[PDB]
There are 6 protein chains.
Amino acid sequence: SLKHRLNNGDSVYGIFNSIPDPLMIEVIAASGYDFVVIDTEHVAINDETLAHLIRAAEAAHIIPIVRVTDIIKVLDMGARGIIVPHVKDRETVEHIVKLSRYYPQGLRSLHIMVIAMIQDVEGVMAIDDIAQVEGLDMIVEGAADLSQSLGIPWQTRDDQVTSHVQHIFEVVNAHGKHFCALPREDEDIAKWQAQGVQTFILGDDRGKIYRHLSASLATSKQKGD
Amino acid sequence: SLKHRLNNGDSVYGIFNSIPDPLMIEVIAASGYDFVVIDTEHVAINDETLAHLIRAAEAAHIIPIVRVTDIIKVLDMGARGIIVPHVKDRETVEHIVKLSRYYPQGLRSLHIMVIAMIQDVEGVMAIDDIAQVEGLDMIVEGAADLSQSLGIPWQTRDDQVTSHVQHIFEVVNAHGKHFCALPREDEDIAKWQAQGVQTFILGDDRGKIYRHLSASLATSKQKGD
Amino acid sequence: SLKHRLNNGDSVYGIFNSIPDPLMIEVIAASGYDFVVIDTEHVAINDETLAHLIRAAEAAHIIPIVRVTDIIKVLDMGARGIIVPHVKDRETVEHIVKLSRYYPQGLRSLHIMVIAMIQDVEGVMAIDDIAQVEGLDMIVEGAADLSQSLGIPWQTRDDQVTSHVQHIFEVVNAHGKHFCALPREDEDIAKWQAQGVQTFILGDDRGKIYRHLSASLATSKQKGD
Amino acid sequence: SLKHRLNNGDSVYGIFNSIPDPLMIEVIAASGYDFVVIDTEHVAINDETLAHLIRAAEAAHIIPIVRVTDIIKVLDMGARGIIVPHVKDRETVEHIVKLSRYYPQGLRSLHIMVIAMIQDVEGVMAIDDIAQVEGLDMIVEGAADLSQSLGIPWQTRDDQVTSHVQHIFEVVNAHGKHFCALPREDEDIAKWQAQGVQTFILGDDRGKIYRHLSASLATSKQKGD
Amino acid sequence: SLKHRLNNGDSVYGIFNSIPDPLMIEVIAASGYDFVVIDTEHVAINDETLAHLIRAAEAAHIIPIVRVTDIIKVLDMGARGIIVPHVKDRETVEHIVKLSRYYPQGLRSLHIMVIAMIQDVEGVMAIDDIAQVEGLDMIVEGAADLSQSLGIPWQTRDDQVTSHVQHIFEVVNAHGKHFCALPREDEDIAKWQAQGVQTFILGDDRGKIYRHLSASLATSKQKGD
Amino acid sequence: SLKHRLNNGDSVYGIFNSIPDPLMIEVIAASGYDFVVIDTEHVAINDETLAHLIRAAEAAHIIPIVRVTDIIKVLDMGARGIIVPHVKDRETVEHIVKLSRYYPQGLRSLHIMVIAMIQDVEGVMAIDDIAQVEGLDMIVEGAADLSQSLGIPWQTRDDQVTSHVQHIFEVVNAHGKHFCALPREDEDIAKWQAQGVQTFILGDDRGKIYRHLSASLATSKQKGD
Ligand SMILES: O=C([O-])CC(=O)C(=O)O
Ligand SMILES: O=C([O-])CC(=O)C(=O)O
Ligand SMILES: O=C([O-])CC(=O)C(=O)O
Ligand SMILES: O=C([O-])CC(=O)C(=O)O
Ligand SMILES: O=C([O-])CC(=O)C(=O)O
Ligand SMILES: O=C([O-])CC(=O)C(=O)O
């Protein structure tokens, strides 16, 4: 379980999955990733295919986490965690929490990680509010999308964007909630770890595959003469 | 067209596709690859999915080549080329050639590249025979699979295996047929190009993705402390 | 038609379908069931697969009923009935009714059973209200889910839960509406039939299949020595 | 691009697609249609199938337009336009417009035609309101569905229905917005073109295919004796 | 049943299906066709999709006939008939016959029409041979494909091709076997019917749909000015 | 592993799977079955669906065995065993064995159970021959299909059919090969176990589900009055 790793002092490393293919899931698992975030928000993916991917993740012994926007269905498929994007108010979080629990004291019939991602400045302002919900386990930083929402390209990582992120960690960590970082560089990892952060999402598969392939091919032509 | 590139003095670069997902096809096209070899031999892939991939390749402006073992169906799907594995005798090639042509003087109803891959030592012995069929455009070297067929791991690339490969090029090039190389290193490319070789397949997507991801993740943990 | 059976004094027997496979549908039809309730609420099922199941039910001559939560789409697929879960207020029912009718006096373009299931105590309180909508044909008792919503395990069927159910029948039957029971035992059937009840749902396929198989296998090992 | 045609003085002809098959898309493209309106409102169609159709349209060089009711997902699939049905208020249009734009000044991440269809009399009354949104490119007349919403069969095309349609064009054309007509006869085309209309949707594939086939078969039996 | 129609003196009309979509099947059935020939030879179609189409044909009350090249699987799917293409020798027919029968005296486990199509001149020469197999019910003329196999375009329907066809009927009809014609014109129907022919396949859906659509659209532009 | 169970003195119980749905697989696993025989011979099942089922079996911790008639593909999908039907000669077995092994000394690239099923009297006669192949692990009795092949209904289990079966065990057990029985009654299990038999297939899911459901429903109506 993902909690189970975090309670042992373990660092866990994950990646976004933009390609709804079971072989890609098995490839990620073989690469050493502790979990994979199956992104259903920006992927045209059938419900049965999502179930296929969750089964594939389990058979490959990699933790299936699904980024949603039907919460019941995904959790009924066997997802061990739910990342909810663009969380602004606390109303959203408490509703998600009881969407993931049993009747009578929930809206689901018969240790899943309830995760909220902060990607709008509104979510940053209500962070003290948001990060105290009973049921919320993890809060994921989304500095890039947050930057883009402020009319500021993430390419120039301004101080204000970074300030909003560090303010998120401090608040989240103050209530004993888990923090998850999205480091752009591999040395931002060591910086977060020293602060106590254990959970890290390292980009998305489609993004890293394009970068490696196009560059490797470029060198292949370059070396060819 | 692939011939059309080869007739202009152009070098063309391709890759094996082990993941039957249209997004992977579009990723390969965006990486700069001139063609993609959709491998249907070692991929559990539905016939409608294969058609989906060929459409995806066309919309991404990358040349669809299918490695088979139903030749009609694939060619009816819009594949611009057929790579046939484990070709040993000439009987096979001539049959494939007329499987790709019109009635009356073919077995197909209403510039596709007819490609044969040499992966067994039997194919190496009948190479002078094989590489003269009217209709055969390209012969693909498969040194690794050939090595494995000789009870010799490809990890140790022996002289005999390399000798069988260079004998293939010389014979194939003598009859004005196209040669396609599978370089293990990027400097084997320059060596083939100096001999006149224009077509190159650079590994398989699944293989390169595993190698990049697992290593990048390893460095990510390494840098983390 | 399902109404057509009910207007003839016929008893009709159905079952919940938790396995979105056309063969399972055909198996249910061959077992003698008058209808099958394709459960789309707790089944990861593609929209095209649901259409496949409805076609399969029709070709097997078994009445297709779909339990929803897109009402138009299901009815456009050929479903002869709609079971709506967790109905609490009357506002819901009247909206469903006109979701199943023609323009101008509906929200659907060009004898379908409109069915509401009571599973929350709120639905029990508004039962006199709910069971008088023009357009509502059937009301399905859901004692188990109702029990679970009251913090009471259905395993102990308390008097209060049973009281809420019998109060539902009396009210529903008073307005000439059809009642559908979910008997836990096969002798609860005779009791409902004596009251005039004609419609019965006998569990779910997945539930009965697990119970039969696991027990039969257990006896198989037991007999083996 | 569709705008690009309209800015050149070109007339463009499209058709509704009720059959979610890539071959049907390719058939439409080969018939000479400039665009095809993939109708997802009254078609049981998987999300991955919709992506398949958009790829098929692109490879067949026909413009993919999707009629919706997930706007992000369709636009992420590569749709060049969105037709939104039953637009009544302006609130709807402005929301759709910013659903199709970038953050910060939209709700979509990283020349698409924003199209609204008028099918209710409410949409006709708010037409001066609706047809001035910054971001709205085209307004599609839907006289038949509008007729059916007024308790009047479209079979008798009354003056009032036709009046509501001509009032739509005049208002829409006054704000420099594109008008799209649904002519029942082929001579209603010349009438709209003289008014400046360039965009025309000629029925739906399923409708025209049934009409041609059933009639042709009827003549086939008739001629047979 | 198809035999059942033929034994009553009924004429039956069918069409080739090149589009593996259940809606297309239902469209054909609604057009009045007695049967539909699901062409699996030149259609990329999954096995589960073929089963979907057979179910769709049954629910639409149109006879499912499948043109193959796995005979067991199709017959296990519920196909009421099998059309086998390019039959040359009698060995083929007798094998197909016992592929469609029960063990012990067949190769299939637990009134299907066994149909052979003549499309090569070899099949024409062995017609007296072929058309006497115990188990063979129908022989389908394929003049066009036969013409194309003789290096002669079907566009010019020569006397020799027509002679081979009329020789087929005479032989087939002499052994009390059913004849099926593929008339290019609707008056070739009356000619065959006078000879006793009852079964007629009128082109393919994809072919007729392209012809109607492209022409209708052409007139639409023509009328527009 | 299945061998691993058999080498420990463990009895293993399996069932035939006629319904290609992952939920059915998970239901079988939960019922306590040690393995499931995914029957691809009499099931319309896509190749990707078969891969889905194998993943589902692994995630449910039940051993995936596939009954075939593409051996490479299934084994590449992760099947832990292959049951080959209607084995008559030894030529078949030796070919299957080296279809499941590595190059050079096989036809497969980079503890799987190689299983042969005897269902024809020809297989019974060559049993001393068949059951000595190096590579063949298990031989499955198929008395019913064998009976049906002898023009004898399995409903009357004659002495000759039973004699052919007991002759199979004796021969198979003499060469230290694994025997797998298909008991019609649960007390035929104890009889085989006393002879040393450890592997048992208890019918098929579809068969047992029909029998339980139709009977249970019958009692439900019977009890109802
Ligand atoms: O909704 C139903 O019909 C019952 C159920 O499983 C729930 O959602 O609590
Ligand atoms: O086989 C047929 O029925 C006709 C055809 O298109 C071919 O294969 O030449
Ligand atoms: O919405 C549309 O475009 C037309 C239609 O069939 C409806 O929903 O009444
Ligand atoms: O929602 C997210 O996680 C990020 C994103 O691509 C967006 O929707 O702006
Ligand atoms: O092949 C089998 O395993 C049994 C069977 O149904 C057949 O093909 O006669
Ligand atoms: O066939 C190929 O192209 C190579 C391969 O993996 C094999 O089958 O040994």
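Residues numbered from 1 in each chain as written, not as in the entry; some residues may be left out. Chains lettered and ligands numbered in written order. Heavy atoms only, no water.

- This deposited entry lists X-ray crystallography as its structure determination method and 2.6000 Å as its resolution.

1. Concerning the site of ligand 1
Link 1 in the chain: Close to ligand 1 lie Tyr103(A), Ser109(A), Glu41(C), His42(C), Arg67(C), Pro85(C), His86(C), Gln119(C) and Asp145(C).
Link 2 in the chain: With respect to ligand 1, the chains having nearby residues are chains A and C.
Link 3 in the chain: Between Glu41(C) and ligand 1, the recorded distance is 2.8 Å, taken from a side-chain N or O atom to an oxygen atom.
Link 4 in the chain: In this structure, an oxygen atom belonging to ligand 1 sits 2.7 Å away from a side-chain N or O atom of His42(C).
Link 5 in the chain: If ligand 1 stood free it would expose 270 Å²; the protein chains cover 93% of that surface.
Link 6 in the chain: Grouping the constituent residues of the shell around ligand 1 by class yields 2 nonpolar, 4 polar and 3 charged. (Near = heavy atom within 4 Å. Polar contact = N/O pair within 3.5 Å; in protein donor to acceptor, adjacent residues only side chain to side chain. Areas by Shrake-Rupley, 256 points an atom, 1.4 Å probe, with all protein chains shown as cover. Nonpolar A, V, L, I, M, F, W, Y, C, P; charged D, E, K, R; others polar.)

2. Quick look at the site of ligand 4
Link 1 in the chain: Around ligand 4, a shell composed of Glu41(A), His42(A), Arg67(A), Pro85(A), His86(A), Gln119(A), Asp145(A), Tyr103(D) and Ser109(D) is seen.
Link 2 in the chain: What surrounds ligand 4 is not a single chain but chains A and D.
Link 3 in the chain: Within the contact set of ligand 4, an oxygen atom lies 2.7 Å away from a side-chain nitrogen or oxygen of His42(A).
Link 4 in the chain: At 2.8 Å from an oxygen atom of ligand 4 is found a side-chain nitrogen or oxygen belonging to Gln119(A).
Link 5 in the chain: Alone, ligand 4 offers 270 Å² of accessible surface; in the complex the protein occludes 92% of this.
Link 6 in the chain: Each residue belonging to the shell around ligand 4 can be placed in one class, and the counts come to 2 nonpolar, 4 polar and 3 charged.

3. Brief notes about a negative patch on the surface
Link 1 in the chain: Together, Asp47(A), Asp70(A), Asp47(C), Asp70(C), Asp47(D) and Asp70(D) make up a region of like negative charge exposed at the surface.
Link 2 in the chain: Within the fold, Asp47(D) resides in helix α3 (residues 47-59). (Patch = residues over 30% accessible without salt bridge, like charges linked within 9 Å, V, L, I, M, F, W, Y side chains within 5 Å. Salt bridge = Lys/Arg side-chain N within 4 Å of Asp/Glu carboxyl O. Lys, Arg positive; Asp, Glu negative; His and termini not counted. Charge placed at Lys NZ, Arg CZ, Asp CG, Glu CD. Helix = DSSP H or I, 4+ residues; strand = E, 2+ residues; numbered from the N terminus.)

4. A short note on helix α11 (residues 205-223) of chain F
Link 1 in the chain: In this model, α11(F) (19 residues) spans 27 Å end to end at C-alpha, consistent with the 27 Å of a helix rising 1.5 Å per residue.
Link 2 in the chain: Taken together, the buried positions of α11(F) are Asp205(F), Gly207(F), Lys208(F), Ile209(F), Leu213(F), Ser214(F), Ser216(F), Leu217(F) and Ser220(F). (Expected span 1.5 Å × (residues − 1). Buried < 20%, exposed > 50% of the residue type's maximum accessible area, 1.4 Å probe, protein only.)

5. As for the packing of aromatic side chains
Link 1 in the chain: Enumeration according to the criterion identifies 24 aromatic pairs over all chains in this entry.
Link 2 in the chain: Aromatic side chains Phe179(B) and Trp192(B) sit 4.8 Å apart centroid to centroid with 35° between the ring planes, which places their arrangement in the tilted category. Here the residue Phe179(B) occupies a position in strand β7 (residues 178-181), and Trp192(B) occupies one in helix α10 (residues 188-194), the gap between them amounting to 13 residues. When sorted by exposure, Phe179(B) lands in the same class as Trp192(B), which is buried.
Link 3 in the chain: Consider the rings of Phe169(D) and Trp192(D), whose centres lie 5.6 Å apart with planes at 65°: the pair is edge-to-face. Of the two residues, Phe169(D) sits in helix α9 (residues 159-174) while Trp192(D) sits in helix α10 (residues 188-194), which places them 23 residues apart along the sequence. Each member of the pair, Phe169(D) as well as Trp192(D), carries the same accessibility label: buried.
Link 4 in the chain: Aromatic ring contacts, followed pair by pair, group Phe169(A), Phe179(A) and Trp192(A) into a single cluster. (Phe/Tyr/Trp six-rings, centres within 6.5 Å; stacked < 30°, edge-to-face > 60°.)

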